[PDB]
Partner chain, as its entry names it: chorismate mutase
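Next up: a single chain in structure tokens, the form solved without the partner chain.
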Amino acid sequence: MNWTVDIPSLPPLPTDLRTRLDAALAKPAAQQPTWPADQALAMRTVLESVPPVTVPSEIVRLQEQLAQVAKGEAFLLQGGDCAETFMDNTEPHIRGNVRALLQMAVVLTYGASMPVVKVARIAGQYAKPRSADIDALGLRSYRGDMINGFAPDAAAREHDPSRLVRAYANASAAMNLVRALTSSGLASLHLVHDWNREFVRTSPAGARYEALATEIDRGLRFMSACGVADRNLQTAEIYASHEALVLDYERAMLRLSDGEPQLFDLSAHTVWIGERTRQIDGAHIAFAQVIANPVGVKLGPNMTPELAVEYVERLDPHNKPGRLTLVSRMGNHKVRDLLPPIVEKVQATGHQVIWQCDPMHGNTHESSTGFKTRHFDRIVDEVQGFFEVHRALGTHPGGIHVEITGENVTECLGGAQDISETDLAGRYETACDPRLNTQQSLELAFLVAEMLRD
């Protein structure tokens, strides 16, 4: 039925880091688990002495790499499961997400004509915010495997602090795998292009994309023709990210490294802060202010230029390009109107932020059949609009942030597969928001690559 853990050290914080961290977690914190302090402390004590998912050296490396995005010289690709589950944390599914993301990154690398830094939603994306604490069945809402259970049973939905330790054990495990995969041949560039050629061959819309797939093949053969040294072509770096929601988890995964000493959050390389949680004097923003990881903020349609600037000033006080990513998620019918003024006010500060586009969360809607769904064409249209805004202003479309899987699910309408509302019942397997399946995520990759080319 269960395995067991014993309960025990960490070195003392510089007094200022202690004071600022304490000051930060004192502030109110939205969407937290409602569970006993007695027990959360115990779990935290376990987590305070485990090996971290990531290490500082990798996080400052990611920081430099992201600095190049902010300056206009690279492109950010963030993707993966909306909600990871302990039950799907298997080699096939991890391998599938890494695969999908890599396939997209080849196309975006060739189309942006510049590097793509590749960030997975993985090894920690186990918690989610909800708008209601009672879902559409009278049950306490599901909030991710880190908090409670998906199964629609009263007792499954109780907030269980032991999931804090499970969440880490899965996280670590998955990360161990992706490291391995990416270092050992799965991320070989020729092997991924091969899968892309397969997609063109068997997709219905193969013709739509054969020309560009071929041009990539030839720019790739060109490398061998010029006798380049192929070592950089045999691996790729995938970085872990998740939404920093459960502050009991994040605080327990903090560690102290350097160039004076600083707090890194080693549950991941980079975290972001959601629409529901970005309260400006709230605890998530203050926590972000204390950690050295690159951080993202979701910006929704109620966002105002002046506010946005307040985020930039609190999170990027030292003008470190790449430290802060602002992620727009307006919806295709609104991004062209709402985003331009925000970008004007922010670029006018002298701060170099990464303008990332989330074309997913502003475009959900309820199918006639009862499924949370997103139509492919609206997703494409929001990325289109994003690009138009940035071209018109002379600013860098920094990247994109999508929800995808390597499984061939049926959760988003449209795309080359003409997935109908009737088809959604076949393999609707998400534990929260609907995902672009393997074919739709790759097709979106091609389309955005054409936007990049212009």
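What we label the rigid core is the largest C-alpha set whose atoms superpose within 1.5 Å from one form to the other. Only residues modelled in both forms are compared. Positions refer to the first chain, counted from 1.
The form deposited with the partner chain bound exists for this protein as well; it is not shown, and the discussion that follows is about that form.
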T373, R391 and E450 all contacting the partner chain in the bound PDB entry, non-hydrogen atom within 4.5 Å: yes
In the bound PDB entry, the residue from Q347, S141, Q262, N332 that sits within 4.5 Å of the partner chain by heavy atoms: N332
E313, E306, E210, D153 - the one with a heavy atom within 4.5 Å of the partner chain in the bound PDB entry: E210
Options 320-328, 75-83, 270-278, 198-206; stretch whose heavy atom lies within 4.5 Å of the partner chain in the bound PDB entry: 198-206
Touches the partner chain in the bound PDB entry: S188 (any heavy atom, 4.5 Å): no
Close approach of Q384 to the partner chain in the bound PDB entry, 4.5 Å, heavy atom: yes
Non-hydrogen atom contact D135 with the partner chain in the bound PDB entry at 4.5 angstroms: no
Partner proximity in the bound PDB entry: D377 to the partner chain, non-hydrogen atom cutoff 4.5 Å: yes
Which one of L307, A211, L191, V228, by Cα shift of 2 Å or more between the shown form and the other one, core superposed: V228
Closer or farther in the bound PDB entry, the Cα atoms of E73 and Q234, when the shift from this form is 3 Å or more: closer
Sense of CA distance change between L62 and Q234 in the bound PDB entry, threshold 3 Å: closer
Stretches between the shown form and the other one where the CA atoms of at least 3 consecutive shared residues shift 2 Å or more, core fixed: 3-8, 228-235
